[PDB]
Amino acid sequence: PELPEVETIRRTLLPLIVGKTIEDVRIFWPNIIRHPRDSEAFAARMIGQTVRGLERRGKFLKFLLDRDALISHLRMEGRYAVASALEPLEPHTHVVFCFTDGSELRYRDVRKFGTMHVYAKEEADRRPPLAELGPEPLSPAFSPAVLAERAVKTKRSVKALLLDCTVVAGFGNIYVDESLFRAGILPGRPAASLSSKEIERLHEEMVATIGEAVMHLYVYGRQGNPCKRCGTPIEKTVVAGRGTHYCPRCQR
């Protein structure tokens, strides 16, 4: 899921788990667990804790328990569900948190690509994977001035800059391409070549792009089809080792 879908998951999942107490944690693919390094320690430590909250940072979910925070990334195919311990698990279920009321929070992932880390709540923000994560794109902490500062100092393309998780949290390939299109900026432009006007416009479109979705695509996956604004065929290239989609007329 992209950032807006992760926000919907956070909002939806919270009431289904808040106040519930963990009675067991079952792990069917231990490699998902990244901290503690031993999946047996991960499971042991969570037993007896109650779910108190659920927050999001970038595309990470942060489950707040009594003492610990569980930081979860679903990547593109991970999914959570709350369901009865009496019913058979869905295929590709890798981790299950069993609650004392006979319900479960289940993590499933055909790609087995997701990650979980657990630390004391107070340590979570300064440890991987949240350490160094940039500001929320919808926060005042993400500003044209913050963007301008990072752009001036780099040799990289503007696409590469926006894909850097330390610049802004949870902007992936799709919203990077879409934001650049809406701002009229070619993805392969060096970040340091953008004018002040271009940085301001890009910031505005990034916020609009994420903001509207959290509440139709112009270029992403649309190569060969006409631009929705000028009718020019959308093109696809490689920029910063990613599939990159753009209108060669609208973007400069």
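In this text, residue numbers run from 1 along the sequence as written.
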Does the deposited sequence hold unmodelled residues between residue 215 and residue 216, and if so, how many: none, 1 to 3, 4 to 9, or 10 or more?
-> 10 or more
Would 224-232 or 13-21 have the larger average of its C-alpha temperature factors, as given in the entry?
-> 224-232
Selected stretch [higher average CA B-factor]: 41-49 or 197-205 = 197-205
Based on what the PDB entry reports, which of 113, 119, 142, 99 has the top C-alpha B-factor?
-> 142
From 103, 157, 179, 93, can you pick the one with the highest C-alpha B factor in the entry?
-> 157
According to the PDB entry, is the CA B factor of residue 175 in the bottom, middle or top third of its chain, that is, lowest, middle or highest?
-> middle
Hey, what third does residue 192 fall into on Cα B-factor, ranked over its chain?
-> highest
Would you mind checking where the Cα B-factor of residue 73 ranks among the modelled residues of its chain, as the lowest, middle or highest third?
-> lowest
Chain-wide C-alpha B factor ranking for residue 210, given as lowest, middle or highest third | highest
Modelled-residue ranking by C-alpha temperature factor, third containing residue 131 | middle
